Amino acid sequence: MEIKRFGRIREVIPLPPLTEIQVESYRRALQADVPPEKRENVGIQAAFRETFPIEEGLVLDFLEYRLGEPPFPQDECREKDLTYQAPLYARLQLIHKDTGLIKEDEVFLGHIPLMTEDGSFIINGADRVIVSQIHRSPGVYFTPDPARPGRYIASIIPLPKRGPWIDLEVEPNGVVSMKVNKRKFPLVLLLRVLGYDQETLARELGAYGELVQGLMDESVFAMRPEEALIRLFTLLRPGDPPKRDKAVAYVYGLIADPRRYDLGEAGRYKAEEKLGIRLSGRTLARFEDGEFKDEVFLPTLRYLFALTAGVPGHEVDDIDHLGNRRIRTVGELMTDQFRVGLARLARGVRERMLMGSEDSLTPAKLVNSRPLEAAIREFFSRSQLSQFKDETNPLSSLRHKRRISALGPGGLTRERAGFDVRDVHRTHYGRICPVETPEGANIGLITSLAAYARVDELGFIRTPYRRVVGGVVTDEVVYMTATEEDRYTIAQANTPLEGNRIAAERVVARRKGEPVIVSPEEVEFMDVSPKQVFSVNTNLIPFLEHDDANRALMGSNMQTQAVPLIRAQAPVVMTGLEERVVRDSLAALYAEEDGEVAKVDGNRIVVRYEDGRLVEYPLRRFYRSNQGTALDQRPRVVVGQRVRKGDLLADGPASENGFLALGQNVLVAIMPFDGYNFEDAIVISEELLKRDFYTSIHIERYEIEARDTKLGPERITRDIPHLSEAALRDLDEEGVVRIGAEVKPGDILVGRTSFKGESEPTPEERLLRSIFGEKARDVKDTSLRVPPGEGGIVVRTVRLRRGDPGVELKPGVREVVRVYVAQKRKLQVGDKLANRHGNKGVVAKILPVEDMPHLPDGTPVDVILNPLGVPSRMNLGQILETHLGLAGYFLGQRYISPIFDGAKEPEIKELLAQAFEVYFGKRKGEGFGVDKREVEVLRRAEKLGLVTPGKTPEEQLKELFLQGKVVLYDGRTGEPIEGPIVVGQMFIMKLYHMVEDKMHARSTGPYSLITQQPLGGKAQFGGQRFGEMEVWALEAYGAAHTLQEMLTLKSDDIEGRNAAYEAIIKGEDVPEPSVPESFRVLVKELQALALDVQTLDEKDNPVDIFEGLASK
Amino acid sequence: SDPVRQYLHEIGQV
Amino acid sequence: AXXXXXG
Amino acid sequence: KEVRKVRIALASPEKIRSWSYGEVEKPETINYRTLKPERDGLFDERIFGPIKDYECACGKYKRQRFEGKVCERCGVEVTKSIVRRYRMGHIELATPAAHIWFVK
Amino acid sequence: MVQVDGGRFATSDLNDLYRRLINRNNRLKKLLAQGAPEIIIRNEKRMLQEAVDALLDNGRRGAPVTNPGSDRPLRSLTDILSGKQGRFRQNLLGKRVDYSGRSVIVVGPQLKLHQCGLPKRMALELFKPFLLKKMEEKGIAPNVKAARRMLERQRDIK
Amino acid sequence: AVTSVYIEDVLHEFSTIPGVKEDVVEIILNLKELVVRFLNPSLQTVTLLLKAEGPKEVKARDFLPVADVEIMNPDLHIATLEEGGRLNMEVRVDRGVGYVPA
Amino acid sequence: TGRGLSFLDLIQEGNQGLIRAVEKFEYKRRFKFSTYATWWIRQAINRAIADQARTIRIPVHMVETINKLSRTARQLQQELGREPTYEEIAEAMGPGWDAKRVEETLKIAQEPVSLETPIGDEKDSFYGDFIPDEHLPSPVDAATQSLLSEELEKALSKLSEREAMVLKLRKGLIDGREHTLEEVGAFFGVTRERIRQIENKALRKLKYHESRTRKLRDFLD
DNA sequence: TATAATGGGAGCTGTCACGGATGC
DNA sequence: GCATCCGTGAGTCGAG
Ligand SMILES: CO[C@H]1/C=C/O[C@@]2(C)Oc3c(C)c(O)c4c(O)c(cc(O)c4c3[C@H]2O)NC(=O)/C(C)=C\C=C\[C@H](C)[C@H](O)[C@@H](C)[C@@H](O)[C@@H](C)[C@H](OC(C)=O)[C@@H]1C
Ligand SMILES: [Mg+2]
Ligand SMILES: [Zn+2]
């Protein structure tokens, strides 16, 4: 079908590679393709440079490193539950000072995980994404003192865990105090330690309001730098002997040590720009020629007093400003942990240098890789920033990679997080999305990188702007930091242009975020596109300008939760961004160069290029994602087809012909229906299940281990005691269920028999054994069975065994068996559907086709939405989408309406007019005049002021159709709906919250160890939690016995629950409940706390709840 | 406060 | 992730 | 009788020793091989109770006919294993120690 | 101290705390028996008090005791009682209970005010003992156990 | 309507046949739309046989003809078979009323 | 430090070592005290580390073997650039060591895991919360045992009290233990052959009744 | 069982909203 | 009498 595009806005530059943040960060960190001599000092190279050389005497030194090739490919890593990684080798040389002996060797440092093409990782078999972290940029800041209005607080912040923060404050008594490690001391002392004399501070700071006299102390200048140093060491270290070299060492470690105290390169630059100075190193001072020299403190104190005085050209700082907040990407985090591990390695190296044979030692004998390995591994497995990949659809992964988190190590803690942090700053413009975030606890803490936004080498987010010179808009684009953005006047992207010239006398622009109307002479820069203001998810919502920001948020988030459908379609109304998202997520398979397609198979596509070479592309088919959704590619081409460079070859998951498909385009009618759509519930047509709209494949993994025991070995076998052939029907020789067998709850996926625990037969068992004359078997049935509510078809079985080639499991484990079960889920009552505009609901009713409201020509509607959902929520985008959707339904064409530049009303009306011609003129030609029902409805609409009275029925029907409304007949009656109804095509997705997953119930089941209460969770077949608030509920109702049941009979009263069950199955009323076991546990815990808990009677005479078992 | 520092002090006495 | 169920 | 009240008070060292079914003289938990409790350890069946219902440690008396009977060889009473939830032990300090709750 | 599914052991932190206590104590008894100097016995006694403290309330005074290779404080008795996860709030004033379930809600228009739509399977599992009883009351099953074994598999349902 | 499908060398619906572009899910999706007219009022069930191979596009016509059975939509596409691509099917069509899910 | 014992614990054990050194020292050798002390200090510390740091105690020689296995494996991994298999370690440990021995050694060295380890981001999840108690019988199992006792009493009342009591004493339903033929024969005042005979006929009548009503078949699992 | 070896390291940083105890 | 320090609180089910 024809795709008609709208909008007058011409994008100068396209969207940058979306995963570039991840891939370029990590690539920058590793420098694996850079030859060792050409490596810049950054990342792991910089880590090595920091750690080495190591001294104390022997000396171990660094030369270079190298990263080898992965021992296993990505897919193989995924299957064998390995980690995709490359070996890390390091060239070192040991040097004895005295002997002059030099020994050079390449030592093996363990492995570093490699980032895959799409910008993810594989850790222990699982796909994981490292989420970039937002934090406060290192540097020097000056912020208003909350208590004292006239005064200020100076702060010097280094990189996280790179050493302590420092606070310079002017005290009420007049002396300037410095706070380090929560210790207040006069700054004068430190200034003396740096080698400053009263003269220097007098001439430098004298110009001010006599704050300098607070820095003037006679007792301080009365002692030389050594004495002042020992003084300071005595001040900061109570109890620690004030040795000279120890004091120098400590103060140097706190201030001038690059190995300990480090500002970022960002902190470096920022401090330079703020204080108006130039830094040599990244520290606050130096140790040079035996003494200490001051780089920072004096400029800082100077600026502080200059801010206090009111001197022009001095200002406070906004810590929420995105010029003051930066991003630590994958590379920086990984490098940080690498540096930590390396430090541990150096500690171990020195410790090994002290003792041991002093003659024979090699870099191999000094270096233990264990701390470094454990460090990196700790980072990738257990770090809060290393997250299980969101695989639901490709957009999920793509968005996951673009996530910006304020949480994690060194980051914020929620419940500690205020409003100011969560707010949208004016500098978020073009950088971080104002819309997409969570609704709950994490709101404003987790955000998304804007579409055109970029992260520079310093870690600041930058957004593009077009250069404007003398009213002429160039094609030259400049990416700016927020600080640089603040310097200009930036016009809006929708402002009129003839050619490259601004066509308006009054143009809308921004100055420091503040909106201002200026002349084209004043415009320095202009917005690239409205697209740059939002994220990728938000940019996928058509007619966004008609939606309230909150519902926009909801839809934006909800797209990530869209489940891939077998029949999935692209939206009828797109934003034009639907293709790029698929292309960048590497879901779809494309053509590398121009050429002809040799072969097309369901499993493969073979392509001959202009190079004459045959390149074969294999297809991923029905793979299980992290969320259980089926990710599979399907070929879109045919044998012999000519294809240029970049043409589509295979269609990825949730993709239709290269366009992003999150759901179906269905024909909707917006009317209340018999209370079935009441309160956001949704009614769907059975014709949707008939043609398999909203049908999705899901795969679940089941795993079982047979190990060695002290009671004898477990084994996978088809031989299961006390079971029939009926139960073993689908089991093969080995005991594993066959491929293609249908499995239902209770079925056996994998047979297993474990040797019974030592068992003393109860007398009844012995007697019954004598009666039936059957030996009690030595093994019992542990076989892995399909959980309740689960089941499907068995599409794969994996068997690993100890003693098989390439196979070694964790110690004690003989064999591991995995069974993959795929199920094809139709839509059903309880499943969740949503649009892109934030309308969400559960299907409450599936009507037969004949009940469904239909058009005069006999066409039924798929979905009946409730109108009541629109006004309160204020998302009008769905309405327009619906109208244009109706037009596109009858004209057989789709559309592209970009955000903020798109199809407006009149054009939609024209399209609806043409559509009306196709929908009606045909009918007139078919020899059918206006229906009586249409007459009645037209009378009604005429009374409603919808149509102009006096016109012919055709004219009024066209008038209604133009307003996007049509005549609708109720399927049960045949009578028309009294009014005209809005009907049209809408794009709706099936979200991953599915009733089939969520439904659970239990009578009795497993109980906890200590508490003796029912386990939690559906997976554990546990019970629902009745909490303090539910207890309050029951109390307010004054239902005593119900509550007592919950507290006793239903949970944790052992004798009581057993007796109750026995009674019920017997047909007897339930017994009086007794003391809940958790209270006995309370009593015993308190006794363990050396407190005596006595349950008495009214006689104050002890009552024993333990029934004597606890008393000698 | 810190037991280690205390013990190192007591040791530092003899 | 919380509120009335965006995520 | 019916329980109408609940009293809490400081336990005397003598009362603590009264609760205890024995002293734990060893840090040990269970044996690295037999996977059974050690002697005078935290899990010891001598003190806290039998692991199997009405069966002693060595296995000399396996039935309910012996109830309250403490085996001579293995030193383990035969009763309902549930007592392992109910039976306090104790540790005899070399020096008195202040209860943290009352100090801090 | 319990063996999990994999054949691996899992245990409570109170065991590690008790072990600390017992070890430091015994070492003190031997140090006294051997007549060690003061500045030794003192250190030992101090460490003993801190051991008891760590056991009863951990992280209450000074640094919290941690397991080797972890930043996680060990769980002491005070922690077991007090807190939202504590014994009182978690296991006493509230509980996980039997004969219960959950699911997604959908509006019945047709329901009378006093009624609710209950899924068949949910009800079957919720009411299961009663269903066994009424199955023995009729000729559907000889006894309870037969009825239960009959309901276990889904393809055995009639 | 078509009530069942068996393909040789295919264990379940979720699998792909070598030489065949369409996955079995899609093949069954296409088979759903097959229109089978019974000339005999007494005939409750028919099993259509299809055997095809080589480069070709297997359509509804390729079903082996049965007495008193007519395919009302012979142009209906079923599969796209490549060189060496081999498809062998037995489909079961029945008389029924309404919509009965698999 | 870091070997499983606290700094102060190490210090105290080292103090014990120092004491041993003092009591064993001989000044006649003209050696400084440090030299002879260091040996005993290191010895006591090492002994402590071996005898303590494991929650489940392992013999000191065994700990030595395990650590030797670890050094061996680490050397092998440093030379091979990968984690060694069981066979490579076996070969590297010399004779007597096969793959099975290495595996059993590693298995026996497995440390326990905390029940209070969190399974999630929040304070909510504890590992122990997912662990079912297998010890105490379920309500279902209890009710089935009860119905078993009741049905057995049903079928035992269909006999005469003598044969019922003989069966009851022989299978140990009464005291929980099984009497021999001599004891039931001495209690009922008949021969062991006779008591075994009435036990036979009781059991046989029970077999007939069971073939008839089939009430006791469902309890056989 | 013996050259002599004699004071430790990591902190870790954008919450208030306080309650009662303690201090010029 | 009034600044200052230390300890203890900071929503619910669900899955994890
Ligand atoms: C390892 O991190 C865990 C918690 C650490 O603790 C904390 C303290 O630190 C973080 C960090 C650094 C984050 O950025 C979080 C975050 O962005 C959240 C939610 C959290 O609670 C986050 C947490 C913490 O709670 N909201 C989102 O991400 C939303 C906007 C989109 C993605 C949703 C899908 C459903 C997830 O991505 C999912 C596939 C999975 O990955 C996570 C649930 C992950 O669980 C695991 C198994 O990986 C969490 C994040
Ligand atoms: Mg060998
Ligand atoms: Zn015994």
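Conventions and cut-offs
Residues numbered from 1 in each chain as written, not as in the entry; some residues may be left out. Chains lettered and ligands numbered in written order. Part of a larger assembly, values for the part shown. Heavy atoms only, no water. Residues with missing side-chain atoms left out of burial classes, pairs and counts. Helix = DSSP H or I, 4+ residues; strand = E, 2+ residues; numbered from the N terminus. Rg over C-alpha atoms; globule rule 2.2 N^0.38 Å. Buried < 20%, exposed > 50% of the residue type's maximum accessible area, 1.4 Å probe, protein only. Contact = heavy atoms within 4.5 Å. Near = heavy atom within 4 Å. Polar contact = N/O pair within 3.5 Å; in protein donor to acceptor, adjacent residues only side chain to side chain. Nonpolar A, V, L, I, M, F, W, Y, C, P; charged D, E, K, R; others polar. Salt bridge = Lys/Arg side-chain N within 4 Å of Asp/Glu carboxyl O. Buried area = accessible area lost by both parts, 1.4 Å probe. Pairing = 2+ DSSP bridges. Donors = N, O, S within 2.8 Å, 3.2 Å for Na, K, Ca; no water. Expected span 1.5 Å × (residues − 1). UniProt positions renumbered as here; feature names shortened; annotations may be inferred. Axes fitted to C-alpha atoms, helices over the stretch in contact; angles between N-to-C directions. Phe/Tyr/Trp six-rings, centres within 6.5 Å; stacked < 30°, edge-to-face > 60°. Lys NZ or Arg CZ within 6 Å of the ring centre and 35° of its normal. Areas by Shrake-Rupley, 256 points an atom, 1.4 Å probe, with all protein chains shown as cover.

In terms of determination method and resolution, the entry is listed under X-ray crystallography at 3.105 Å.

Chemist: Break down the overall build of chain G for me, with residues and values.
Modeler: Assigned secondary structure in chain G consists of nine helices and one strand. Traced from its N-terminal end to its C-terminal end, chain G shows the element sequence α-α-α-α-α-β-α-α-α-α. At 33 Å, chain G has a C-alpha radius of gyration far larger than the 17 Å of a compact globule built from 221 residues. Once the C-alpha set of chain G is aligned to its principal axes, its extents read approximately 95 × 50 × 45 Å. Relative to its 221 residues, chain G shows a buried fraction of 39%. Pairs at least 24 apart in sequence give 40% of the contacts found in chain G among residues at least 6 apart.

Chemist: Tell me about the protein's contact with DNA strand I, residues and numbers included.
Modeler: Around DNA strand I, 16 residues are found, and the nearest of them are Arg1025 of chain A together with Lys84, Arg89, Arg96 and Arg102 of chain E. In DNA strand I, the atoms that sit within 4 Å of the protein are 55% sugar and phosphate, with bases accounting for the remainder. Within the backbone of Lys1018 of chain A, one N or O atom sits 3.4 Å away from a phosphate oxygen of DNA strand I. Within the side chain of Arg96 of chain E, an N or O atom sits 2.6 Å from a phosphate oxygen of DNA strand I. Split by residue class, the surface near DNA strand I holds one nonpolar, four polar and eleven charged.

Chemist: Run through the pattern of salt bridges, naming residues and quoting values.
Modeler: Scanning the entire structure with this criterion turns up 143 salt bridges over all chains. Across the pair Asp692 of chain A and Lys32 of chain F runs a salt bridge whose closest N-O atoms are separated by 2.8 Å. Separated into two different chains, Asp692 of chain A in the loop between α19 (687–690) and β42 (696–707) and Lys32 of chain F in helix α1 (residues 24–32) make up a pair that spans both. On the basis of relative accessibility, which here comes to 5%, the residue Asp692 of chain A falls in the buried class. One salt bridge in this structure joins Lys52 of chain D and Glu758 of chain A, with 3.3 Å as the shortest N-O distance. One end of the pair, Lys52 of chain D, is in the loop between α1 (13–19) and α2 (83–86); the other, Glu758 of chain A, is in the loop between β46 (752–755) and α21 (763–772), on a second chain. On the basis of relative accessible area, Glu758 of chain A is assigned to the exposed category, the value being 56%. Through salt bridges with shared partners, a single network forms among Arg24, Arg27 and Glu44 of chain E together with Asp9, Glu13, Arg47, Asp51 and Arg57 of chain G.

Chemist: I'd like a description of the interface of chain A and chain E, backed by residues and values.
Modeler: On the chain E side, the residues contacting the 63 residues of chain A number 49 residues. Overall, the association of chain A and chain E removes approximately 5000 Å² of surface from exposure, summing both partners, and the carbon and sulfur fraction of that is 57%. Looking at the side of chain A facing chain E, the largest losses of area belong to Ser1003, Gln1024 and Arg1025 of chain A, adding up to 14% of the total buried there. On the surface where chain A and chain E come into contact, there are five salt bridges. Between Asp747 of chain A and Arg155 of chain E there is a salt bridge, and its shortest N-O distance comes to 3.7 Å. Where chain A meets chain E, there are 21 residue pairs in polar contact. The dominant element in the side of chain A that touches chain E, judged by the number of residues it contributes, is helix α31 (residues 1077–1088) of chain A, at seven residues. Of the residues in the side of chain A that touches chain E, the class split is 33 nonpolar, 16 polar and 14 charged. Pairing of strand β58 (residues 1025–1026) of chain A with strand β3 (residues 95–96) of chain E, which is carried by two bridges, proceeds in the antiparallel orientation. What sits directly across from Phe1026 of chain A, in β3 of chain E, is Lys95 of chain E.

Chemist: Could you give an account of the pairing of strand β30 (residues 595–600) of chain A, with specific residues and numbers?
Modeler: All names here are of chain A. Direction of pairing for β30 relative to strand β31 (residues 604–609): antiparallel, over a ladder of five bridges. Across the sheet, residue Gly595 finds its bridge partner in β31, namely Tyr609. Turn length for the β30-β31 hairpin, with the two strands adjacent in sequence and antiparallel, is three residues.

Chemist: Give me the lowdown on the coordination of the magnesium ion (ligand 2), citing residues and values where you can.
Modeler: Residues and elements named next belong to chain G. In the first shell of the magnesium ion (ligand 2), the protein supplies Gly94 (O) and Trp97 (O), at 2.2 to 2.7 Å from the metal. Taking relative accessible area as the criterion, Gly94 reaches 30% and is therefore assigned partly exposed. With a relative accessible area of 14%, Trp97 lands in the buried category.

Chemist: Can you break down α31 of chain A residue by residue, with the values?
Modeler: Over its twelve residues, α31 of chain A extends 17 Å from the first C-alpha to the last, a length consistent with the 16 Å expected when each residue adds 1.5 Å. Extensive coverage of α31 of chain A is indicated by the burial of ten of its twelve residues. Here α31 of chain A has its buried residues at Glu1077, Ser1078, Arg1080, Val1081, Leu1082, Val1083, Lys1084, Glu1085, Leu1086 and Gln1087 of chain A. The inward-facing, buried residues of α31 of chain A contact α30 (1054–1066) and β59 (1091–1096) of chain A, α1 and α2 of chain D together with α3 (77–81) and α4 (87–92) of chain E.

Chemist: Just give me the short version of the interface of chain D and chain A, but keep the residues and values in it.
Modeler: Between chain D and chain A, the contact holds 35 residues from the first and 32 residues from the second. Both faces combined, the contact of chain D with chain A buries some 3000 Å², and carbon together with sulfur accounts for 56% of it. Considering only the surface of chain D that becomes buried against chain A, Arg7, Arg85 and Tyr86 of chain D emerge as the three largest contributors, covering 24% of it. Between the two partners, chain D and chain A, sit five salt bridges. Measuring nitrogen to oxygen at the nearest pair gives 3.5 Å for the salt bridge that ties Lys15 of chain D to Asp1092 of chain A. When the residues that make up the side of chain D that touches chain A are grouped by side-chain class, the tally is 16 nonpolar, three polar and 16 charged.

Chemist: Could you give an account of the UniProt feature "DNA-binding region" (unreviewed entry) in chain G, naming the residues involved and the relevant values?
Modeler: Per the UniProt record, "DNA-binding region" (unreviewed entry) is annotated on residues 181–200 of chain G. What you have in residues 181–200 of chain G is 85% helix and 0% strand, and the ends, taken at the C-alpha atoms, are 12 Å apart.

Chemist: Give a detailed account of the sheet that holds strand β1 (residues 3–5) of chain A, specifying residues and quantitative values.
Modeler: All names here are of chain A. In spatial order, the strands read β1-β54-β28; together these three strands make up an open sheet with parallel pairing. Both edges of this open sheet fall to β1 and β28 (573–574), since each of them pairs with a single strand only. Alignment of β1 against strand β54 (residues 894–896), held across three bridges, turns out to be parallel. For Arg5, the partnering residue across the bridge sits in β54 and is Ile896. Where helix α23 (residues 877–891) meets the sheet, it contacts β28 and β54, and its direction lies at approximately 140 degrees from that of β54.

Chemist: Hey, could you go over the side chain of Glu373 of chain A for me, with residue numbers and the actual values?
Modeler: Looking at the secondary structure, you find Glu373 of chain A in helix α13 (residues 370–382). Taking relative accessible area as the criterion, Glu373 of chain A reaches 12% and is therefore assigned buried. Those residues in contact with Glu373 of chain A that sit more than four places away from it in its chain are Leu109 and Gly110 of chain A together with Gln77 of chain G.

Chemist: For the packing of aromatic side chains, give the residues involved together with the corresponding values.
Modeler: All names here are of chain A. Enumeration over the complete set of coordinates arrives at 31 aromatic pairs over all chains. Centre to centre, the rings of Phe534 and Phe900 are 5.7 Å apart; their planes meet at 10 degrees, and the pair counts as stacked. Pair noted here: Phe534 is in the loop between β27 (525–527) and α17 (549–559) and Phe900 is in the loop between β54 and α24 (905–925), with a separation of 366 residues, a long-range link. Residue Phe900 is classed as partly exposed on the basis of its relative accessible area of 40%. Put simply, the rings of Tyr889, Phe890, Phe916, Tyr919, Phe920 and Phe961 touch in pairs and so form one group of aromatic residues. When the ring centre of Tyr89 is taken as origin, the NZ or CZ atom of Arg66, which lies over that ring, is 3.9 Å away. The side chain of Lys1084 reaches across the aromatic face of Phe1106, ending 4.8 Å from its centre.

Chemist: Please provide a residue-by-residue account of the sheet that holds strand β1 (residues 2–7) of chain F, values included.
Modeler: All names here are of chain F. Taken together, the three strands give an open sheet; going across it, the order is β1-β7-β3, and neighbouring strands pair in antiparallel fashion. The open sheet is flanked by β1 and β3 (45–53), the only strands paired with a single partner. The average undirected angle you get between the axes of adjacent strands in this sheet is 20 degrees. In this sheet, strand β7 (residues 86–94) lies alongside β3 in antiparallel orientation, the contact comprising nine bridges. Pairing of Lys51 across the sheet is with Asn88, part of β7.

Chemist: I'd like to hear about the site of ligand 1, residue by residue, with values.
Modeler: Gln387, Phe388, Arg403, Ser405 and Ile446 of chain A are the nearest of the 17 residues found near ligand 1. Chain contributions to the surroundings of ligand 1 come from chains A and G. Contacts to ligand 1 include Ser405 of chain A, whose side-chain N or O atom sits 3.0 Å from an oxygen atom. For ligand 1, whose unbound accessible area comes to 820 Å², protein coverage reaches 73%. Among the elements of the structure, β16 (386–388), α14 (394–401) and β17 (403–405) of chain A are those that each provide at least two residues to the shell around ligand 1. The element contributing the most residues to the shell around ligand 1 is β16 of chain A, with three residues. By residue class, the composition of the shell around ligand 1 is five nonpolar, seven polar and five charged.

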